[PDB]
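Only one chain is included here, represented as structure tokens and corresponding to the form deposited in one PDB entry.
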């Protein structure tokens, strides 16, 4: 069966050279002496990694070389980058970190570069080479995932609570949905904001999330807003367990105006 895999080898090499058994192996090498390449690899970097090469002199910060892949990556003309410094291309709060990664081996850091005034997180991986020194590095976009900022910009807000019902966390959207500044909800039990006639309802559900773990329960009740109006509101809540220990970290609620 070893000869069988050999035969399959030669059979599908023949399949990919469109142009006997002794002949095909000598014939094949003609086919690629006709033709791995620097540029090919670079395309790979742009495809697998979305990254671009760049060399900057590490005292001026002046970029001495930019891969053309800068344009696909940062919507940035090459003409921009070459003939500038890296401090121009990076968020003004990353100049410190930059100046430290650039002083007198390998180098690896994260920073925020401009596009074509929006910034993107770039993973820079490279090394310092003599030339009196220059850093040659690859800048890679979306090596990671971005944070969810959907409370910064509505009729819902998420909150965390302890087993008792204390607001231990509330996102910024609450000021818009119930009118309270975050400071005026945290530390107080959620049932303090509930209309008396619904307080047991809410309470019962807090007893069951903390007993039916993995299941989301929903309760509708009236909420005291900052203006003291009773706002109907549905709460979907589940209890969040620690992935390692199952220790119940907190209860998670999404509080949605109804």
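Positions refer to the first chain, counted from 1. Superpose the two forms; the largest set of C-alphas matching within 1.5 Å is the rigid core.
Separately, the form deposited in another entry exists; it is not shown, and the next lines address it.
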Legend entry - Core-aligned C-alpha movement of residue 53 between this form and the one not shown, 2 Å or more: no
Legend entry - Exceeds or equals 2 Å, Cα of residue 28 between this form and the one not shown, core fit: yes
Legend entry - Core-superposed comparison between this form and the one not shown, residue 64 Cα displacement 2 Å or beyond: no
